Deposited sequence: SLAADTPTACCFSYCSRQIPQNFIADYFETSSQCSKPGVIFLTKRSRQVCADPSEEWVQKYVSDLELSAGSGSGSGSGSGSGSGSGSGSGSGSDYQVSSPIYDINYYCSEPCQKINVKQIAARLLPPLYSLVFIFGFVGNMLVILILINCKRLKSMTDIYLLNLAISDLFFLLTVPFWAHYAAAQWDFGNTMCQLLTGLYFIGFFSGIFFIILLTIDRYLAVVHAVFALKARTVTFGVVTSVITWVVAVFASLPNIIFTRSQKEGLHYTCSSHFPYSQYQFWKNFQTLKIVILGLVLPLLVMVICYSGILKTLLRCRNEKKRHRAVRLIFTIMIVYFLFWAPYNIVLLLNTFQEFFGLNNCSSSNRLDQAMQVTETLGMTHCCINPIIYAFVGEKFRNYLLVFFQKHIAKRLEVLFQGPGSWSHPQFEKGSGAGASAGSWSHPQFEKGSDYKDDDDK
């Protein structure tokens, strides 16, 4: 689920007959977005053939063709040429906005804040995660409109960086929520619990958990030539492909709308309960409004992405095997991933810039 990694073709019908070897000119591996695993044989003509890797003969041909160097799959070219309509400006403006915001936050924390609190360490780590995301964003913007101009190891490292940034930002949001919970409900306990060394320890553990979750995506992703153009995507082995697919679409979902949302409704609930002790209407109303804004923004910017992922994975359930419905679902996945990019690029302005002490540091750095 990197840049929606929309494959050129996903086909759902196999062959019941044998195809000769002389009619097999090139081989292509279907991405993980397909409902079922398959391999596409490009013949002498532009017409292509599909085969399921569960066969015994398909292995023989897919090996013989690469040792040297039926039905037609529904080409997902309209998806790209509609993506080519307005993907690039959207990706570019999101990238530049998030980049300037994250550099602002990091420079502020370095100059004015000097990392005095554990919240500062968490904010710096979240900004670094967003920066890692935004470093990969334009590289995928350049792949949406044109063929992949990089190699296998390059797109693999880029996938690694992308998923590392995503998972680390998702975990650091939870870490900031837990820090706020410990500061509001257990302030006298947080005075001895919130330490910078514990913050760095939890940040390192979060980074290693994020990279450990990303490694399944890194090893199961490669770049291959589909005709003239190149594409890098996730290709799981046909032995347990669906299973791995499920695992993939489970993990993000488990970290998309289950774990962070429960952490939020557990922590911010107690925060709002304790806010009754504030006895300041102008402050209490603003705090509840900010909490509700964070909740609703996280929902509006993450729920459609996990929903569309669940749509694309479980195709037997709510059957959408029609390739036109597949094109609509892929466009929905693209727009929802871009919505998640907007969420990650506006999380700095919603977690830091809303604070008055942060705005003071910013205006001090400005002058």
Ranges of the deposited sequence (numbered from 1) for which no C-alpha atom is modelled: 70-107, 406-457
